[PDB]
Amino acid sequence: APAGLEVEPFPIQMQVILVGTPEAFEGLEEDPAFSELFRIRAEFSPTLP
Amino acid sequence: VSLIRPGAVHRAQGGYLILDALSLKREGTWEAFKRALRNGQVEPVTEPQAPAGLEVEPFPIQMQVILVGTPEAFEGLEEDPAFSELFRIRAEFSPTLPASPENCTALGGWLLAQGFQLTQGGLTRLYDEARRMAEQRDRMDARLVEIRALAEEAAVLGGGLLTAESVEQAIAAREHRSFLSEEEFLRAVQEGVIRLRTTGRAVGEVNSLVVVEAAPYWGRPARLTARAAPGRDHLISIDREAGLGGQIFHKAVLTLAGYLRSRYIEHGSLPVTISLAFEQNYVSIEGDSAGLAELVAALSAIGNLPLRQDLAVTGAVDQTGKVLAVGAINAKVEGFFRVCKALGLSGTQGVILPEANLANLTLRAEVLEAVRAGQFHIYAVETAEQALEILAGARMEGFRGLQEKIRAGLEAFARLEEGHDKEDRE
Amino acid sequence: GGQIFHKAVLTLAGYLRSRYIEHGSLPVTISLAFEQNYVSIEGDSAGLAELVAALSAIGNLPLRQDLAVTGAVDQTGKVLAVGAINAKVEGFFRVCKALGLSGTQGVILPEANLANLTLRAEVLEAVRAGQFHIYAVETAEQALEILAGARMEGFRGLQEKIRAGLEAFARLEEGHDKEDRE
Amino acid sequence: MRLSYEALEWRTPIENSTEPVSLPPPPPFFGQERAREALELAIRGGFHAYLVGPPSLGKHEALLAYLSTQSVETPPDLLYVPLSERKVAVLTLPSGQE
Amino acid sequence: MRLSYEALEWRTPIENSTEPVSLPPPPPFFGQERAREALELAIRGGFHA
Ligand SMILES: *[B]([O])([O])[C]([C][C]([C])[C])[N]C(=O)[C]([C]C1=[C][C]=[C][C]=[C]1)[N]C(=O)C1=[C]N=[C][C]=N1
Ligand SMILES: *[B]([O])([O])[C]([C][C]([C])[C])[N]C(=O)[C]([C]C1=[C][C]=[C][C]=[C]1)[N]C(=O)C1=[C]N=[C][C]=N1
C-alpha cells in the first residue's frame, strides 16, 4: 500500500463470545490478557443425566 | 518531508513513552528501539518497495520511556546488556500488600473511584476475598484488576450495589462456572469409579491431597497406597518409576527415603521395600505436597498400622522428619471437604496440614461452619511423628506404641529375609 | 508398554511382593507378554489379567480360557474401574461367537464398571440365554477364584497352591545355593 | 493438634452490610511504595525505568494516573525540516513558534 | 459373581414403536444449565464469555 488511512482507536461495544473445545482454549488460557478479557466460562457438560 | 507520520517516540518528546515488554520482545522491534535510544536513531520505516527514502538525521531523545511487563516478560529481555544500561530504575510491584485496615480503606476508595457502590459489608467481603487470593491471612492480593472484575460480577449480580451478599454470590457463581471438572470427579467418586474411603481405617492407605491445573485450581483427594515387603532397601515410587512423577516429586520420595533409612538403624540397611502409587493417577505428578502422606503411609505399611481414612494428609517433609509448608492449602482442604460432603460428612473427617501453613488457611464459609459445628476438623502438625499419631490414633512413645509397632514390623521383615537366607545356606 | 502400562506392572509387582511374605524377596521372576502384540501398549486395563496370570503361573493354576479378564488393580489387590468396557466385552463376545459360543464363555470386569455396562442387543440376548456370562469383581482374589474354578481360602485352595508353588521355587533356589556351597 | 474455629476464622467481622462507604481515593501505587519511590526517582532524574509486576495488577492504569499527576516544562514543538530534497532532520522549537 | 440379564438390561422399554411423538422444543442449553447461567450472566453484565 502506498498509503493508509489513519483509523482512530474506536471503543468496543460488542460482547465477543468465544467457542471452542477445552483443548482449543488451554492453548489460549496461558495469556493473562485472555483471562482478564474473558471472565465468564460457559462449560458444556459432556454428558447429561 | 510532508509525508512523514509521527510515531510514539515523536509525540513522547518532553514527556514519557509507556511500552510493554511483550510488544517489544514479540514484535522484534526491541533492537531498533534500543538503537533509537542509545544512538538517537529514529528512522520512519518504509516498505521495501520504496524507490527512495528520506535521509533522516539522528535525533537526540528527550523522552523517558517506561517499560511495563511481567517478570517473565523482562527476564527474556534482561539478558541484553544494552537493556541493563538503558533501564537503570526497576519499579517492582509487590504481588501482595499487607492486610491492614488502611489497606482495606485504600482498596475501598479505589473501588469507589472506579464508579462502584460499596457497602461496608461488601467492602469487607471484597477485602477478605483479596486476602484469600493471596492465600495469606496477613496479606491481601495486590492485583487490583482481579478485584475489579470480581466487583463487576458482584455488581451485576446485585443490581449495581456491592453488598456482602452480592460479593458472596459473585464468588459462588465464579466457583460454579468452573465446577464442571470437580462435579464430574465427585460423580466418579460416588459411583465407585475412583474408589476413595472417607471413613474407616485402612493399612497403608492415605488420602493425599492433589491440586489440579487449569482455571481456578481445585483440590481433590488422591488415594495413596504403600505396601511393605521384605527385601534390600528400595523405596519404590511407582509414579516416578513409570515416569509420571516430576523432579520435585522424586526429590520428595528420596527425602523421605533418607529419613526412613536414617530413622531406623537397629538393623543394617532398611530391611523393607516400599511401593508408593497414586491410585487412578494416569497423569504426571509434579510438586512436593504429598511427602507427609507418603511418609505416614509407608510407616503404616511397615508397622501394619491402620490409618484413619477420614483424614486427608498433605504437607512436605524434610529428611529429619519435620513437616514443611505447602502451597494452595485452601484448595486442598476445600477439595477434601467437598469430597467428604459428597459422601456425607461423618462428623470426624478432617485434614492434616503443616503447622507452617496456618497463616495460609483462609477457608471458605462452609468449611469454617463445618469446623465450628465439629463436622470437620483441621489438624496442624510440624513433624511426621504427630501426623502418624493422629492417623493411627495412638502415641509413638509409650508401651504398645506406634514406634514400638513399627520397630516390630521392621524386625519381622528382617527376620523373614533372615529365614530366607537360613534356607539358602541350609 | 507406555507409562501407564508400566505403572500397572509396577503396581501389581508391589502387590505380589507385599502379599507373599513367608520368604524373603519374592522368590520368583514373572515374564508378562502380550502375544502377537507388535504394537505399542498404552493404558492400565489388563492389571487384573496380568495379576491373575502371574498368580496362576506361580501356583500352576489352570485358568479357564473361556473368560476374558479386564480391569485395573491397585497394589492392595482390588480391581479398579476401566474405560470402554462395552468395547472390550463386545469384542470378546464377537471373537467367541466367531469361534462358536461354548455356552460358558464370559468376561470378568470390575464391579465398579456396572454403571458403564451398556451392551448391545446380541450380547444381552446371549447373557439371557446363558450362552455368555458377565462376572463382576472388586478384588483380584475373586477374579482368580472364578478363573481357576476353585475357592481361594480353604483346604486345597488357590492360596494354598500358590504358597506351595512359591515354596517350591524358593526351595529350588536354595537347593542351587546348597550345591554352590557344597 | 486440632485447630479451633476461632483459630481458623480469618474473615474480618462485618459491622453492617449497609450504609454505603464514602472513602477518599487512595494515592497511586498505594501499598506499592517501593515502585512509587523508584518511579519518583526515575521522573526526577530523567532516567528510563521499567515497571515489573505480576500480570493483571493495574500497573498501566496506576502509572498513567501517576504520570498525569506529574508536571513538566512545556515540551518544545518538534517538527521535520528538510535539510535537502534527500536529507531531513527533526527540529525542536519553542511552543507556538511552529 | 455372575450378573443376571435383568441386572444387565439397560435399555429403556419401548411402549410402542409407532404413534409419532409430539413434543415441544426444549429450551436452549437444555441439560446445560451451568452454561446457560454463565451466558445469562455474561449477557446481563455485558462481559466477554
Ligand atoms: B502438591 O500440591 O505439592 C502436589 C504433590 C503431589 C505429590 C500430590 N501436586 C500438585 O498439587 C500439582 C500442582 C501443584 C500446585 C502447587 C504447587 C505444586 C504443585 N498437581 C498435580 O500433581 C496433579 C496431579 N494430577 C492431576 C493434576 N495435577
Ligand atoms: B486399557 O483399556 O487400559 C488398555 C490397557 C492394555 C494393557 C490392554 N489399553 C488399550 O486398550 C489402549 C486403548 C485405551 C482405551 C481407553 C483407555 C486407555 C487406553 N489400546 C492399546 O493398548 C492397543 C494395543 N494394541 C493395539 C491397539 N490398541
Side-chain angles (χ1 to χ4, degrees), chain B residues 96-114 116-144 146-155 157-175 329-331 333-334 337 341 350-351 353 355 357-380, chain D residues 1-26 30-31:
Chain B
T96 81
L97 318 178
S100 67
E102 179 64 30
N103 281 103
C104 167
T105 302
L107 166 61
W110 183 76
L111 287 159
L112 288 167
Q114 306 306 312
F116 293 127
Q117 307 196 11
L118 294 174
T119 63
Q120 172 65 28
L123 171 55
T124 295
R125 274 305 310 176
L126 260 181
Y127 160 77
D128 284 359
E129 176 65 21
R131 296 168 62 208
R132 188 183 152 82
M133 294 173 160
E135 292 289 329
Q136 271 278 338
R137 290 178 55 157
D138 300 331
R139 320 273 313 173
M140 68 157 261
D141 186 74
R143 294 171 287 177
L144 294 174
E146 287 283 304
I147 311 164
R148 179 160 48 141
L150 189 67
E152 293 179 353
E153 284 184 42
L157 279 192
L161 185 83
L162 294 175
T163 312
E165 282 76 35
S166 174
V167 175
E168 289 177 297
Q169 281 188 22
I171 290 164
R174 183 176 285 194
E175 280 194 354
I329 189 67
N330 290 356
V333 166
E334 288 162 3
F337 176 73
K341 182 175 73 175
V351 179
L353 55 86
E355 163 68 53
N357 277 114
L358 261 65
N360 292 95
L361 274 175
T362 71
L363 302 177
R364 282 258 170 260
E366 42 190 356
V367 190
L368 293 172
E369 289 288 346
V371 179
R372 183 193 327 175
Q375 291 298 282
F376 193 54
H377 308 327
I378 295 289
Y379 292 81
Chain D
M1 187 66 204
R2 177 182 182 274
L3 294 190
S4 65
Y5 162 72
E6 50 268 15
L8 283 154
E9 168 73 13
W10 62 282
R11 281 156 313 162
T12 44
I14 293 148
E15 188 255 315
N16 45 6
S17 297
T18 60
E19 284 89 16
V21 293
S22 64
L23 305 178
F30 70 94

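The analysis underlying the following values was restricted to heavy atoms, covering all of them including side chains, and did not include hydrogens, waters or symmetry mates. Proteins get letters first, then strands, A, B, ... in listed order; numbering begins at 1 in each.
Between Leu123(B) atom CG and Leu162(B) atom CG the span is 9.5 Å, to the nearest 0.5 Å. Rounded to the nearest 0.5 angstrom, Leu161(B) CG and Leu118(B) CG are separated by 8.5 Å. Within the model, atoms CG of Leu3(D) and CG of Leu358(B) stand 5.0 Å from one another, a figure rounded to the nearest 0.5 Å. In this structure, the separation between CE on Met133(B) and CG on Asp128(B) is 12.0 Å, given to the nearest 0.5 Å. Distance CD/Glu146(B) to CG/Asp141(B): 7.0 Å, rounded to 0.5 Å. Taking CG from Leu107(B) and CD from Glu102(B), the interatomic distance works out to 11.5 Å, rounded to the nearest 0.5 Å.
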Report task. Take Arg125(B) and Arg11(D) through the test side chain to side chain contact (heavy atoms under 4.5 Å, CB included) and record every step on the way to the result. Result -> CA-CA 8 Å; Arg125(B) 274 305 310 176; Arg11(D) 281 156 313 162; 3.4 Å; yes

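No side-chain donor-acceptor contact under 3.5 Å links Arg137(B) to the backbone of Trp10(D). Between the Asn360(B) side chain and the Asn330(B) main chain, no donor and acceptor come within less than 3.5 Å of each other. Of the possible polar contacts, one joining the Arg139(B) side chain to the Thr96(B) backbone as a donor-acceptor pair under 3.5 Å is found.
Contact detail for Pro98(B) and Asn103(B): the closest heavy-atom pair is O-OD1, 2.9 Å. The shortest heavy-atom contact between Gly109(B) and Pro26(D) is C-CD, 3.5 Å. Heavy-atom minimum distance, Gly31(D) versus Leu97(B): O-CD2, 3.2 Å. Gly122(B) and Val167(B) make their closest contact through O-CG2, 3.9 Å (heavy atoms, listed as atom of the first residue, atom of the second, distance).
For the side-chain contact (heavy atoms from CB on, under 4.5 Å) test, residues two or more places apart in sequence or in another chain that qualify with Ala170(B) are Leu150(B), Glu153(B), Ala154(B), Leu157(B). For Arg148(B), there are no salt bridge (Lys or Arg N to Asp or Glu O under 4.0 Å) partners, not counting sequence neighbours. Partners of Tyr127(B) under the ring pair (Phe, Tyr, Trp, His ring centres under 6.0 Å) rule, at least two apart in sequence or in another chain, do not exist in this structure. With sequence neighbours excluded, no residue forms a side chain to side chain donor-acceptor pair (under 3.5 Å) with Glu355(B).
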Donor-acceptor contacts, no H, no angles, side chain residues 365-377 of chain B, under 3.5 Å, sequence neighbours left out:
from: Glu366(B); atom 1: OE1; to: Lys341(B); atom 2: NZ; distance (Å): 3.3
from: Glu369(B); atom 1: OE1; to: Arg372(B); atom 2: NH1; distance (Å): 3.4
from: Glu369(B); atom 1: OE2; to: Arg372(B); atom 2: NH1; distance (Å): 3.3
from: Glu369(B); atom 1: OE2; to: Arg372(B); atom 2: NH2; distance (Å): 2.7
from: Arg372(B); atom 1: NH2; to: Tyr5(D); atom 2: OH; distance (Å): 2.9
from: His377(B); atom 1: ND1; to: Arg2(D); atom 2: NE; distance (Å): 3.1

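Residue pairs that meet the side chain to side chain donor-acceptor pair (under 3.5 Å) test with at least one member in residues 160-171 of chain B, sequence neighbours left out, do not exist here.
Considering only heavy atoms from C-beta on, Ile171(B) stays 4.5 Å or farther from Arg132(B) through its side chain. Looking at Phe30(D) and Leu144(B), their side chains come closer than 4.5 Å, going by heavy atoms from C-beta outward.
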